[PDB]
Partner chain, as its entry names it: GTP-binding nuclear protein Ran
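Here's a solo chain for you in structure tokens, the form deposited without its partner chain.
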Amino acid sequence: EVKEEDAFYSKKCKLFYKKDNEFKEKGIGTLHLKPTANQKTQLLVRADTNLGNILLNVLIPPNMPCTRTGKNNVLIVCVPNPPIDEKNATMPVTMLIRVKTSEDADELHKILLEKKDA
């Protein structure tokens, strides 16, 4: 039987932001998608390491572009919280999520589209 959990979509993955035409590992952790007080979806990512620190906590906006790269890779434009850049703080940054199975990637991208739809 399937256990109960707040987050409907939970899978391990690695975050990576684009800085100076390069990708830097933000921090290994697991993504947790769960509904918020509002009709919107809240995005949260817990650190894989023992230390349970928030890697990225933001709210899926109404307008968000999607970019599916490779087979098991996924890219999305969103505001990093906390923000890495001080000047571009307001402006979002490119983030890439590398999953274990190319299957998880597709699903992850698909869901998002639906989440942003409503």
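Positions refer to the first chain, counted from 1.
We do not show the form deposited with its partner chain bound, though everything after this point is about it.
At least one heavy atom of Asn50 is located within 4.5 Å of its partner chain in the bound PDB entry. The closest non-hydrogen atom of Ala105 lies beyond 4.5 Å of its partner chain in the bound PDB entry. Put simply, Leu33 is far from its partner chain in the bound PDB entry: not one heavy atom of it is within 4.5 Å. Contact annotation for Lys115: none of its heavy atoms lies within 4.5 Å of its partner chain in the bound PDB entry.
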